[PDB]
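Trainee: Data: my_file.pdb, PDB, C-alpha atoms and all ligand atoms.
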```
MODEL        1
ATOM      1  CA  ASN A  14      11.914   8.482  17.270
ATOM      2  CA  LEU A  15       8.641   8.056  15.391
ATOM      3  CA  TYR A  16      10.940   7.359  12.453
ATOM      4  CA  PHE A  17      11.688   3.940  13.916
ATOM      5  CA  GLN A  18       8.003   3.223  14.268
ATOM      6  CA  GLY A  19       6.984   0.083  12.438
ATOM      7  CA  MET A  20      10.486  -1.208  12.069
ATOM      8  CA  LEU A  21      10.980  -4.721  13.290
ATOM      9  CA  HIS A  22      12.491  -4.523  16.821
ATOM     10  CA  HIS A  23      13.334  -8.175  17.107
ATOM     11  CA  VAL A  24      12.491 -11.662  15.999
ATOM     12  CA  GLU A  25      12.576 -14.649  18.336
ATOM     13  CA  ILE A  26      13.055 -18.198  17.178
ATOM     14  CA  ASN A  27      13.094 -21.505  19.048
ATOM     15  CA  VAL A  28      15.798 -23.893  17.948
ATOM     16  CA  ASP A  29      16.183 -27.633  18.300
ATOM     17  CA  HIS A  30      19.855 -27.858  19.263
ATOM     18  CA  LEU A  31      21.165 -24.561  20.513
ATOM     19  CA  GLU A  32      24.833 -25.342  20.096
ATOM     20  CA  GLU A  33      24.541 -26.342  16.452
ATOM     21  CA  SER A  34      22.279 -23.421  15.681
ATOM     22  CA  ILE A  35      24.606 -20.949  17.363
ATOM     23  CA  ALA A  36      27.441 -22.303  15.293
ATOM     24  CA  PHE A  37      25.593 -21.498  12.102
ATOM     25  CA  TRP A  38      24.205 -18.105  13.128
ATOM     26  CA  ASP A  39      27.404 -16.890  14.685
ATOM     27  CA  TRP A  40      28.981 -17.543  11.304
ATOM     28  CA  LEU A  41      26.311 -16.079   9.085
ATOM     29  CA  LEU A  42      25.398 -13.100  11.239
ATOM     30  CA  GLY A  43      29.122 -12.763  11.693
ATOM     31  CA  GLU A  44      29.624 -12.575   7.944
ATOM     32  CA  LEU A  45      26.745 -10.052   7.741
ATOM     33  CA  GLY A  46      28.077  -7.623  10.341
ATOM     34  CA  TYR A  47      26.058  -8.473  13.451
ATOM     35  CA  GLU A  48      27.520  -8.325  16.919
ATOM     36  CA  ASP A  49      26.632 -10.505  19.880
ATOM     37  CA  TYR A  50      24.228  -8.910  22.278
ATOM     38  CA  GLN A  51      23.330 -11.437  24.987
ATOM     39  CA  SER A  52      24.231 -15.062  25.505
ATOM     40  CA  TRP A  53      22.895 -17.389  28.194
ATOM     41  CA  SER A  54      22.398 -21.040  28.974
ATOM     42  CA  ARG A  55      19.265 -21.359  26.874
ATOM     43  CA  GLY A  56      19.926 -18.831  24.152
ATOM     44  CA  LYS A  57      21.610 -16.042  22.319
ATOM     45  CA  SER A  58      20.759 -12.724  20.767
ATOM     46  CA  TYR A  59      22.525 -10.722  18.025
ATOM     47  CA  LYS A  60      22.399  -7.041  17.044
ATOM     48  CA  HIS A  61      22.414  -5.134  13.800
ATOM     49  CA  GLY A  62      21.174  -1.582  13.353
ATOM     50  CA  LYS A  63      17.960  -1.229  15.348
ATOM     51  CA  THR A  64      16.919  -4.911  15.070
ATOM     52  CA  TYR A  65      17.832  -8.002  17.056
ATOM     53  CA  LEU A  66      17.648 -11.704  16.281
ATOM     54  CA  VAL A  67      17.082 -13.962  19.309
ATOM     55  CA  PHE A  68      17.536 -17.723  19.352
ATOM     56  CA  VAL A  69      16.249 -19.858  22.218
ATOM     57  CA  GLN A  70      16.490 -23.556  23.065
ATOM     58  CA  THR A  71      13.232 -25.376  22.373
ATOM     59  CA  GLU A  72      11.948 -26.970  25.579
ATOM     60  CA  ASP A  73      12.152 -30.779  25.804
ATOM     61  CA  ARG A  74       8.423 -31.315  25.973
ATOM     62  CA  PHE A  75       8.133 -29.261  22.741
ATOM     63  CA  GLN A  76      10.936 -30.619  20.481
ATOM     64  CA  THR A  77       8.358 -32.905  18.824
ATOM     65  CA  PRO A  78       6.989 -32.574  16.229
ATOM     66  CA  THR A  79       9.967 -31.135  14.505
ATOM     67  CA  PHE A  80       9.929 -27.944  12.533
ATOM     68  CA  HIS A  81       8.757 -27.990   8.957
ATOM     69  CA  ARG A  82       9.025 -24.744   6.894
ATOM     70  CA  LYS A  83       6.015 -25.795   4.836
ATOM     71  CA  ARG A  84       3.722 -25.656   7.859
ATOM     72  CA  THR A  85       2.049 -22.606   9.419
ATOM     73  CA  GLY A  86       4.582 -20.260  10.995
ATOM     74  CA  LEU A  87       8.105 -19.381   9.724
ATOM     75  CA  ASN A  88       9.204 -20.350   6.216
ATOM     76  CA  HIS A  89      12.311 -18.184   5.767
ATOM     77  CA  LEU A  90      14.407 -15.176   6.623
ATOM     78  CA  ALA A  91      16.182 -13.122   4.007
ATOM     79  CA  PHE A  92      18.998 -10.677   4.336
ATOM     80  CA  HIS A  93      20.589  -7.930   2.277
ATOM     81  CA  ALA A  94      24.065  -8.337   0.788
ATOM     82  CA  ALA A  95      26.147  -5.463  -0.554
ATOM     83  CA  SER A  96      26.713  -7.196  -3.843
ATOM     84  CA  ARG A  97      26.553 -10.263  -5.997
ATOM     85  CA  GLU A  98      30.139 -10.883  -5.098
ATOM     86  CA  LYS A  99      29.113 -11.180  -1.443
ATOM     87  CA  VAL A 100      26.377 -13.642  -2.388
ATOM     88  CA  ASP A 101      28.959 -15.644  -4.377
ATOM     89  CA  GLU A 102      31.368 -15.553  -1.471
ATOM     90  CA  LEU A 103      28.721 -16.761   0.964
ATOM     91  CA  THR A 104      27.725 -19.557  -1.423
ATOM     92  CA  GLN A 105      31.277 -20.824  -1.564
ATOM     93  CA  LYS A 106      31.544 -20.644   2.225
ATOM     94  CA  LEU A 107      28.337 -22.521   2.608
ATOM     95  CA  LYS A 108      29.553 -25.334   0.369
ATOM     96  CA  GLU A 109      32.814 -25.625   2.314
ATOM     97  CA  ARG A 110      31.231 -25.790   5.778
ATOM     98  CA  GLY A 111      28.629 -28.142   4.308
ATOM     99  CA  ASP A 112      25.520 -26.096   5.096
ATOM    100  CA  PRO A 113      22.706 -27.204   2.717
ATOM    101  CA  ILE A 114      22.368 -25.116  -0.469
ATOM    102  CA  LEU A 115      18.893 -25.006  -2.054
ATOM    103  CA  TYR A 116      17.718 -24.989  -5.622
ATOM    104  CA  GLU A 117      21.297 -25.501  -6.863
ATOM    105  CA  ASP A 118      19.831 -26.183 -10.280
ATOM    106  CA  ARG A 119      18.804 -22.580 -10.616
ATOM    107  CA  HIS A 120      21.282 -20.841  -8.357
ATOM    108  CA  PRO A 121      21.779 -17.813  -8.126
ATOM    109  CA  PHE A 122      18.480 -17.135  -9.869
ATOM    110  CA  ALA A 123      16.278 -19.650  -8.078
ATOM    111  CA  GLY A 124      14.060 -16.664  -7.179
ATOM    112  CA  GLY A 125      13.828 -15.367 -10.738
ATOM    113  CA  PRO A 126      16.024 -13.863 -13.524
ATOM    114  CA  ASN A 127      16.221 -10.538 -11.787
ATOM    115  CA  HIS A 128      16.624 -11.980  -8.282
ATOM    116  CA  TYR A 129      20.286 -12.748  -7.445
ATOM    117  CA  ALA A 130      20.504 -14.819  -4.234
ATOM    118  CA  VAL A 131      21.613 -17.876  -2.317
ATOM    119  CA  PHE A 132      19.113 -20.022  -0.551
ATOM    120  CA  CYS A 133      20.250 -22.357   2.222
ATOM    121  CA  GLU A 134      19.189 -24.109   5.406
ATOM    122  CA  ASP A 135      20.073 -23.487   9.003
ATOM    123  CA  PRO A 136      20.482 -26.574  11.206
ATOM    124  CA  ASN A 137      16.721 -26.496  11.937
ATOM    125  CA  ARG A 138      15.825 -26.669   8.292
ATOM    126  CA  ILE A 139      14.743 -23.048   8.451
ATOM    127  CA  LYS A 140      15.234 -21.584   4.963
ATOM    128  CA  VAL A 141      17.703 -18.710   4.786
ATOM    129  CA  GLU A 142      18.249 -16.274   1.920
ATOM    130  CA  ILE A 143      20.883 -13.603   1.176
ATOM    131  CA  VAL A 144      20.002 -11.294  -1.713
ATOM    132  CA  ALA A 145      22.095  -9.016  -3.849
ATOM    133  CA  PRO A 146      20.902  -5.530  -4.656
TER     134      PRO A 146
ATOM    135  CA  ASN B  14      24.640   0.055  -0.606
ATOM    136  CA  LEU B  15      26.896  -1.953   1.697
ATOM    137  CA  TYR B  16      25.134   0.030   4.411
ATOM    138  CA  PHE B  17      22.055  -2.130   3.919
ATOM    139  CA  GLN B  18      24.133  -5.261   4.236
ATOM    140  CA  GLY B  19      22.899  -7.511   7.004
ATOM    141  CA  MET B  20      19.562  -5.829   7.305
ATOM    142  CA  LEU B  21      16.627  -8.157   7.100
ATOM    143  CA  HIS B  22      15.264  -7.998   3.507
ATOM    144  CA  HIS B  23      12.099  -9.906   4.189
ATOM    145  CA  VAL B  24      10.413 -12.472   6.350
ATOM    146  CA  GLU B  25       7.999 -15.060   4.982
ATOM    147  CA  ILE B  26       5.337 -16.735   7.049
ATOM    148  CA  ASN B  27       2.790 -19.432   6.224
ATOM    149  CA  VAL B  28      -0.654 -18.814   7.631
ATOM    150  CA  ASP B  29      -3.564 -21.117   8.331
ATOM    151  CA  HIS B  30      -6.444 -18.997   7.039
ATOM    152  CA  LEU B  31      -5.238 -16.273   4.741
ATOM    153  CA  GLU B  32      -8.335 -14.125   4.920
ATOM    154  CA  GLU B  33      -8.382 -13.935   8.705
ATOM    155  CA  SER B  34      -4.656 -13.353   8.866
ATOM    156  CA  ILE B  35      -4.797 -10.594   6.274
ATOM    157  CA  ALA B  36      -7.500  -8.922   8.289
ATOM    158  CA  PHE B  37      -5.244  -8.752  11.310
ATOM    159  CA  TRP B  38      -2.029  -7.771   9.524
ATOM    160  CA  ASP B  39      -3.646  -5.200   7.307
ATOM    161  CA  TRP B  40      -4.811  -3.561  10.517
ATOM    162  CA  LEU B  41      -1.632  -3.806  12.524
ATOM    163  CA  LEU B  42       0.822  -3.095   9.728
ATOM    164  CA  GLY B  43      -1.643  -0.421   8.751
ATOM    165  CA  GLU B  44      -1.417   1.134  12.196
ATOM    166  CA  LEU B  45       2.402   0.861  12.007
ATOM    167  CA  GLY B  46       2.827   2.637   8.676
ATOM    168  CA  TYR B  47       3.296  -0.222   6.212
ATOM    169  CA  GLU B  48       1.942  -0.112   2.698
ATOM    170  CA  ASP B  49       0.704  -3.022   0.623
ATOM    171  CA  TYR B  50       3.228  -4.329  -1.825
ATOM    172  CA  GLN B  51       1.786  -7.402  -3.560
ATOM    173  CA  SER B  52      -1.430  -9.320  -3.114
ATOM    174  CA  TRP B  53      -2.420 -12.558  -4.834
ATOM    175  CA  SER B  54      -4.693 -15.537  -4.461
ATOM    176  CA  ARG B  55      -2.436 -17.315  -1.996
ATOM    177  CA  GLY B  56      -0.824 -14.402  -0.221
ATOM    178  CA  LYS B  57       0.136 -10.863   0.511
ATOM    179  CA  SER B  58       3.229  -8.816   1.130
ATOM    180  CA  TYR B  59       3.694  -5.478   2.943
ATOM    181  CA  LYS B  60       6.455  -2.853   2.827
ATOM    182  CA  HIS B  61       8.158  -0.647   5.355
ATOM    183  CA  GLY B  62      11.556   0.966   4.904
ATOM    184  CA  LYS B  63      13.843  -1.606   3.295
ATOM    185  CA  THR B  64      12.062  -4.678   4.748
ATOM    186  CA  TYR B  65       9.030  -6.658   3.645
ATOM    187  CA  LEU B  66       6.687  -9.005   5.472
ATOM    188  CA  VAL B  67       5.157 -11.763   3.316
ATOM    189  CA  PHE B  68       2.221 -13.942   4.306
ATOM    190  CA  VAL B  69       1.309 -17.071   2.356
ATOM    191  CA  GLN B  70      -1.529 -19.589   2.591
ATOM    192  CA  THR B  71      -0.394 -22.850   4.166
ATOM    193  CA  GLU B  72      -0.974 -25.719   1.737
ATOM    194  CA  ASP B  73      -3.788 -28.157   2.599
ATOM    195  CA  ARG B  74      -1.532 -31.145   3.043
ATOM    196  CA  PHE B  75       0.489 -29.057   5.555
ATOM    197  CA  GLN B  76      -2.171 -27.357   7.755
ATOM    198  CA  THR B  77      -1.726 -30.176  10.300
ATOM    199  CA  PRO B  78      -0.211 -30.156  12.834
ATOM    200  CA  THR B  79      -1.120 -26.644  13.697
ATOM    201  CA  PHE B  80       1.359 -23.995  14.652
ATOM    202  CA  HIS B  81       2.590 -23.805  18.203
ATOM    203  CA  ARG B  82       4.900 -20.881  19.193
ATOM    204  CA  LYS B  83       6.557 -23.068  21.814
ATOM    205  CA  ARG B  84       7.917 -25.440  19.180
ATOM    206  CA  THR B  85      11.033 -25.037  17.019
ATOM    207  CA  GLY B  86      10.671 -22.187  14.540
ATOM    208  CA  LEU B  87       8.932 -18.797  15.068
ATOM    209  CA  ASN B  88       7.902 -17.661  18.546
ATOM    210  CA  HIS B  89       7.252 -13.947  17.973
ATOM    211  CA  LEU B  90       7.746 -10.755  16.038
ATOM    212  CA  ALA B  91       8.226  -7.413  17.715
ATOM    213  CA  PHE B  92       7.882  -3.942  16.357
ATOM    214  CA  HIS B  93       8.905  -0.430  17.328
ATOM    215  CA  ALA B  94       6.334   2.142  18.440
ATOM    216  CA  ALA B  95       7.010   5.870  18.633
ATOM    217  CA  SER B  96       5.803   6.069  22.189
ATOM    218  CA  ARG B  97       4.050   4.556  25.140
ATOM    219  CA  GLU B  98       0.964   6.374  24.032
ATOM    220  CA  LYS B  99       1.046   4.411  20.771
ATOM    221  CA  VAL B 100       1.396   1.161  22.709
ATOM    222  CA  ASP B 101      -1.586   2.205  24.865
ATOM    223  CA  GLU B 102      -3.585   3.097  21.788
ATOM    224  CA  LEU B 103      -2.836  -0.239  20.144
ATOM    225  CA  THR B 104      -3.780  -2.086  23.338
ATOM    226  CA  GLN B 105      -7.165  -0.418  23.410
ATOM    227  CA  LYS B 106      -7.687  -1.209  19.726
ATOM    228  CA  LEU B 107      -6.757  -4.782  20.292
ATOM    229  CA  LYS B 108      -9.302  -5.149  23.084
ATOM    230  CA  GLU B 109     -12.054  -3.640  20.927
ATOM    231  CA  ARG B 110     -11.462  -5.848  17.876
ATOM    232  CA  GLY B 111     -11.068  -8.780  20.265
ATOM    233  CA  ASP B 112      -7.536  -9.814  19.301
ATOM    234  CA  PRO B 113      -6.019 -11.810  22.220
ATOM    235  CA  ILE B 114      -3.946  -9.746  24.684
ATOM    236  CA  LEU B 115      -1.211 -11.626  26.577
ATOM    237  CA  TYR B 116       0.066 -11.399  30.102
ATOM    238  CA  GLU B 117      -2.681  -8.896  30.997
ATOM    239  CA  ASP B 118      -1.700  -9.376  34.616
ATOM    240  CA  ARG B 119       1.568  -7.614  34.019
ATOM    241  CA  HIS B 120       0.742  -5.400  31.072
ATOM    242  CA  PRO B 121       2.462  -3.123  29.918
ATOM    243  CA  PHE B 122       5.485  -4.460  31.776
ATOM    244  CA  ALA B 123       5.088  -8.165  31.066
ATOM    245  CA  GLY B 124       8.626  -7.992  29.618
ATOM    246  CA  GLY B 125      10.120  -6.269  32.652
ATOM    247  CA  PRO B 126       9.939  -2.949  34.598
ATOM    248  CA  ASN B 127      11.896  -1.119  31.965
ATOM    249  CA  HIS B 128      10.186  -2.804  29.004
ATOM    250  CA  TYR B 129       6.952  -1.013  27.988
ATOM    251  CA  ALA B 130       4.974  -3.155  25.511
ATOM    252  CA  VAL B 131       1.834  -4.958  24.439
ATOM    253  CA  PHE B 132       1.909  -8.618  23.683
ATOM    254  CA  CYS B 133      -0.852 -10.171  21.587
ATOM    255  CA  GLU B 134      -1.699 -12.983  19.197
ATOM    256  CA  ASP B 135      -2.329 -12.998  15.494
ATOM    257  CA  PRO B 136      -5.027 -15.388  14.244
ATOM    258  CA  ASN B 137      -2.389 -18.156  13.981
ATOM    259  CA  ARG B 138      -1.434 -17.839  17.601
ATOM    260  CA  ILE B 139       1.827 -16.246  16.535
ATOM    261  CA  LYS B 140       2.915 -13.932  19.365
ATOM    262  CA  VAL B 141       3.176 -10.271  18.406
ATOM    263  CA  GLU B 142       4.823  -7.457  20.358
ATOM    264  CA  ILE B 143       4.895  -3.652  19.976
ATOM    265  CA  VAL B 144       7.471  -1.906  22.160
ATOM    266  CA  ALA B 145       7.821   1.667  23.278
ATOM    267  CA  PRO B 146      11.184   3.374  23.181
TER     268      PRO B 146
HETATM  269 ZN    ZN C   1      12.547 -14.812  -0.068
HETATM  270 ZN    ZN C   2      10.126  -9.873  22.512
ENDMDL
END
```
Can you dump the structure from the file as structure tokens?
Ligand SMILES: [Zn+2]
Ligand SMILES: [Zn+2]
Mentor:
Amino acid sequence: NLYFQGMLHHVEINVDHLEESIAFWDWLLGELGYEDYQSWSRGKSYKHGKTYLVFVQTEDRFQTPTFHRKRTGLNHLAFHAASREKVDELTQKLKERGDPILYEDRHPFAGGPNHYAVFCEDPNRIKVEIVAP
Amino acid sequence: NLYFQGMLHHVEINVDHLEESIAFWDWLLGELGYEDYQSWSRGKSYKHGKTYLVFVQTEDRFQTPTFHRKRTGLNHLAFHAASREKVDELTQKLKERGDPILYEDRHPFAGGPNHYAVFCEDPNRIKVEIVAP
């Protein structure tokens, strides 16, 4: 369908330590309703609607220099939540599992007074956001 | 709506030379049906459906080292096309405007015999894919 045209089909990201990354994403994408698509020795993909998220193991010869979200390339990914309650729930989960929570001083309005969201970090230091409608 | 839950809300990417990048994305996102959302001195965002794409100027002190899609972080973004014809059309456009076309030796099946797509590079060397249904 031409209706799908322009929608994002998939997004592929190289990760430093696959195992650790898969632990985080399985959890988050799990909490957000994604299902596993394909898993292999060097990666894993997840499905939601008509868009996939694919994570691959960074090759040895390319693990250095390490990823920095301030540099050219990816800064962050943001996802929709059904409600503020969901954002609150995720925030609490994050704290428990120890995933880094950003801008705690302004949470859940670090993005502005009319922007209700949690900002965190995946194991690669990639910034991740979940925003309430 | 809880129906939106888990969908990607937006994706933010730092770019090396904003002007050049905006030239490419305006064109591509233009060809894919996106509309401009917000433009400022250091960036620009585009809208399609319920998801936005945001491009920001990489800070001076962070332009080095340059982006490499093989390293940890973003490798590529892929988008849906309505048809093979659209993919062919985009390929021809790419060649004309001189944007780099990848895996020309296998095009439009560089991704496999049952994967019809064009792979190219944005001005940052970020890999970009448009895939036929
Ligand atoms: Zn954001
Ligand atoms: Zn792809």
Trainee: Enumerate residues in contact with ligand ZN 1 (chain C): an atom-to-atom distance of at most 10 Å, counting only C-alpha atoms and all ligand atoms. Format the result as a list in words.
Mentor: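 Residues satisfying the distance criterion: residues 88, 89, 90, 91, 92, 124, 128, 130, 131, 132, 140, 141, 142, 143 and 144 of chain A; 22, 23, 24, 25, 65, 66 and 67 of chain B.
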Trainee: At a cut-off of 8 Å, which residues of chain A touch chain B? Count all atoms listed in the file and give the answer as a PyMOL selection string.
Mentor: chain A and resi 14-29+42+45-47+61-62+71-72+75-80+83-96+137+139+144+146
Trainee: I need the residue nearest ligand ZN 2 (chain C) from this list: B:33, B:135, B:109, B:125. Use only C-alpha atoms and all ligand atoms for the distance.
Mentor: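 Closest to ligand ZN 2 (chain C) of all the choices is B:125.
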Trainee: Would you compute the distance between atom CA of residue 127 of chain A and atom CA of residue 98 of chain A? Give it in Å to one decimal.
Mentor: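 About the pair atom CA of residue 127 of chain A and atom CA of residue 98 of chain A: they are 15.4 Å apart.
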Trainee: Hey, can you check how far atom CA of residue 117 of chain A sits from atom CA of residue 104 of chain A?
Mentor: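 Atom-to-atom, atom CA of residue 117 of chain A to atom CA of residue 104 of chain A, that is 10.3 Å.
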Trainee: Fewer than 4 positions away in the same chain doesn't count, so skip those; otherwise give me all residues within 10 Å of residue 32 of chain B, counting all atoms listed in the file, as a PyMOL selection string.
Mentor: chain B and resi 28+36-37+55-56+70+136
Trainee: How many Å lie between atom CA of residue 39 of chain A and atom CA of residue 107 of chain A, rounded to one decimal?
Mentor: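 Computing it gives 13.4 Å between the two atoms.
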Trainee: Box in all listed atoms of segment 59-64 of chain B, axis-aligned, with 5 Å more on each side; write out centre and edge lengths in Å to one decimal as AutoDock Vina command-line options.
Mentor:
```
--center_x 8.8 --center_y -2.3 --center_z 4.1 --size_x 20.1 --size_y 16.4 --size_z 12.5
```
Trainee: Between A:111, A:60, A:97, A:102, which is the closest to residue 129 of chain A once you count all atoms listed in the file?
Mentor: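 Looking only at the distances to residue 129 of chain A, the closest residue turns out to be A:97.
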Trainee: Between A:114, A:58, A:119, A:100, which has the minimum distance to ligand ZN 2 (chain C) (counting all atoms listed in the file)?
Mentor: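 Ranking A:114, A:58, A:119, A:100 by distance to ligand ZN 2 (chain C), first place goes to A:58.
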Trainee: Can you work out which one of B:50, B:122, B:57, B:101 has the shortest atom-to-atom distance to ligand ZN 2 (chain C), counting all atoms listed in the file?
Mentor: B:122
Trainee: Mind dumping segment 69-115 of chain B from that block, keeping C-alpha atoms, as a PDB file, in the first residue's frame?
Mentor:
```
ATOM      1  CA  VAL B  69      20.574  18.882  14.423  1.00  0.00           C
ATOM      2  CA  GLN B  70      23.930  20.543  13.768  1.00  0.00           C
ATOM      3  CA  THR B  71      26.777  18.684  15.454  1.00  0.00           C
ATOM      4  CA  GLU B  72      28.572  21.008  17.871  1.00  0.00           C
ATOM      5  CA  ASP B  73      32.073  22.164  16.862  1.00  0.00           C
ATOM      6  CA  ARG B  74      33.835  20.474  19.735  1.00  0.00           C
ATOM      7  CA  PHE B  75      32.144  17.201  18.652  1.00  0.00           C
ATOM      8  CA  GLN B  76      32.565  17.119  14.828  1.00  0.00           C
ATOM      9  CA  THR B  77      35.661  14.928  15.315  1.00  0.00           C
ATOM     10  CA  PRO B  78      35.926  12.004  14.995  1.00  0.00           C
ATOM     11  CA  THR B  79      33.637  11.818  12.056  1.00  0.00           C
ATOM     12  CA  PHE B  80      30.737   9.455  11.784  1.00  0.00           C
ATOM     13  CA  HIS B  81      31.333   5.914  10.655  1.00  0.00           C
ATOM     14  CA  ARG B  82      28.281   3.623  10.106  1.00  0.00           C
ATOM     15  CA  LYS B  83      30.381   0.596  11.020  1.00  0.00           C
ATOM     16  CA  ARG B  84      30.899   1.850  14.566  1.00  0.00           C
ATOM     17  CA  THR B  85      28.534   1.564  17.543  1.00  0.00           C
ATOM     18  CA  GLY B  86      25.401   3.651  17.060  1.00  0.00           C
ATOM     19  CA  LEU B  87      23.434   4.250  13.810  1.00  0.00           C
ATOM     20  CA  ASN B  88      24.122   2.162  10.709  1.00  0.00           C
ATOM     21  CA  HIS B  89      21.050   2.927   8.580  1.00  0.00           C
ATOM     22  CA  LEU B  90      17.475   4.043   8.200  1.00  0.00           C
ATOM     23  CA  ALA B  91      15.055   2.357   5.852  1.00  0.00           C
ATOM     24  CA  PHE B  92      11.787   3.545   4.466  1.00  0.00           C
ATOM     25  CA  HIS B  93       8.755   2.062   2.756  1.00  0.00           C
ATOM     26  CA  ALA B  94       8.020   2.748  -0.911  1.00  0.00           C
ATOM     27  CA  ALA B  95       4.671   2.082  -2.565  1.00  0.00           C
ATOM     28  CA  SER B  96       6.249   0.069  -5.321  1.00  0.00           C
ATOM     29  CA  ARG B  97       9.277  -1.089  -7.207  1.00  0.00           C
ATOM     30  CA  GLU B  98       8.602   1.667  -9.659  1.00  0.00           C
ATOM     31  CA  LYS B  99       9.072   4.200  -6.855  1.00  0.00           C
ATOM     32  CA  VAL B 100      12.356   2.551  -5.885  1.00  0.00           C
ATOM     33  CA  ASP B 101      13.445   2.722  -9.548  1.00  0.00           C
ATOM     34  CA  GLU B 102      12.416   6.349  -9.756  1.00  0.00           C
ATOM     35  CA  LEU B 103      14.344   7.239  -6.613  1.00  0.00           C
ATOM     36  CA  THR B 104      17.413   5.392  -7.908  1.00  0.00           C
ATOM     37  CA  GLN B 105      17.403   7.421 -11.090  1.00  0.00           C
ATOM     38  CA  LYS B 106      16.979  10.633  -9.099  1.00  0.00           C
ATOM     39  CA  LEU B 107      19.816   9.696  -6.856  1.00  0.00           C
ATOM     40  CA  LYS B 108      22.142   9.131  -9.801  1.00  0.00           C
ATOM     41  CA  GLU B 109      21.223  12.500 -11.319  1.00  0.00           C
ATOM     42  CA  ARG B 110      21.766  14.556  -8.155  1.00  0.00           C
ATOM     43  CA  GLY B 111      24.924  12.521  -7.560  1.00  0.00           C
ATOM     44  CA  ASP B 112      24.024  11.079  -4.157  1.00  0.00           C
ATOM     45  CA  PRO B 113      26.124   7.904  -3.594  1.00  0.00           C
ATOM     46  CA  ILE B 114      24.415   4.635  -4.605  1.00  0.00           C
ATOM     47  CA  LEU B 115      25.561   1.491  -2.761  1.00  0.00           C
TER      48      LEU B 115
END
```
